[PDB]
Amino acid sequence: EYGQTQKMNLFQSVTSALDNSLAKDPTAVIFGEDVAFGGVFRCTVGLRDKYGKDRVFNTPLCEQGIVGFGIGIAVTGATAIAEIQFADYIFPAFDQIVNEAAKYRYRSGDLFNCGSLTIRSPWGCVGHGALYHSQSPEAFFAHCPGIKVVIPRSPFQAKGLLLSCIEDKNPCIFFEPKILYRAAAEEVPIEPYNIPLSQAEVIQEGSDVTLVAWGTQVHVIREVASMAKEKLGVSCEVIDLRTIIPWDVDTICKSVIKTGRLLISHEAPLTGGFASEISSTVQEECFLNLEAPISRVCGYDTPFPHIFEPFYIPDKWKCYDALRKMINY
């Protein structure tokens, strides 16, 4: 339906989305630390040679500067695609994102805006990243009205979601699961296409329990659904949330109304994690339908450890066990 496709891994699908964007939008620019030579994860390879040094360029090493600068470009109406090297380093720009970007349109009565800003950043665990190359900071941003937060689960999803973010008329933060950058490839349209924001995706229909996740964790819950079918004869509905904020409350509630059970999982720490917002909302909307307490299987309330990573992550065994207990409730 999308024209000719090519097998692409995540980093390739991101370059493809970026290339498509600069091609059709002459105002678009890409900037950040080390993006000129192609980026530390190869997501910008060939772009500077194709579009020019004034359109794909390095900034000084300063995240608050990168986002403030991007907001300023967007204030003029030009498309600004900023890169934050690792999501773990987005915090120096927290004030520019939360106090500035998110409130720009509102506070000016729509006289000014930075809707044409997109911030993209590597995200999630990577096996050995430890405290500062593994973070999943979406819940910190989920409490800020005015920005959209989007996380893909695959190359096809990434290109379509990123193009939607770039084109959206609101500041967007796009988190790319770095462990997937050079993982398996999948068919990705060479030409631009969009995947809607604020729309979750039911990737597998089920009747006994609803499983919700995003990023790499969607693959974990897909495996959990397989394990539950084989070991317990339980039918799981697997859902990819995709957009953290504004989230697709309707798709999730409709599923839980049918199944009566819900398990949400995320690599980020449990306390104040985004699963708490989904759980609270579902309990409020589907009280009559819930047969068991809602389960949250997340990373522990610690910093992200180096040597202990295998014990920290909410893996398939942890999720499966929680699901078994919830089903037997």
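Just count from 1 along the sequence shown to find any residue number.
Peer 1: As stated in the PDB record, which stretch has the larger average Cα B-factor, 274-282 or 55-63?
Peer 2: Mean C-alpha B-factor is greater for 274-282.
Peer 1: Mean C-alpha B-factor higher for 85-93, or for 187-195?
Peer 2: It is 187-195 that shows the higher mean C-alpha B-factor.
Peer 1: Sorting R153, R107, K148, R182 by Cα temperature factor from the record, which one lands on top?
Peer 2: Of the candidates given, the C-alpha B-factor peaks at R182.
Peer 1: Going by the entry, which of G32, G46, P293, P269 has the most elevated CA B factor?
Peer 2: Of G32, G46, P293, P269, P293 has the highest C-alpha B-factor.
Peer 1: How does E223 rank on Cα B-factor within its chain, lowest, middle or highest third?
Peer 2: CA B-factor rank for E223: highest third.
Peer 1: Could you tell me which third, lowest, middle or highest, the C-alpha B-factor of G129 occupies within its chain?
Peer 2: It falls in the middle third of the chain.
Peer 1: Lowest, middle or highest third: where is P303 by C-alpha B factor in its chain?
Peer 2: Lowest third of the chain for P303's C-alpha B-factor.
Peer 1: Thinking about Cα B factors across the chain, which third does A158 belong to?
Peer 2: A158: CA B-factor falls in the middle third of its chain.
Peer 1: By the recorded C-alpha temperature factor, relative to the other modelled residues in its chain, which third is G260 in?
Peer 2: Its C-alpha B-factor, which the entry lists for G260, ranks in the highest third among residues of this chain.
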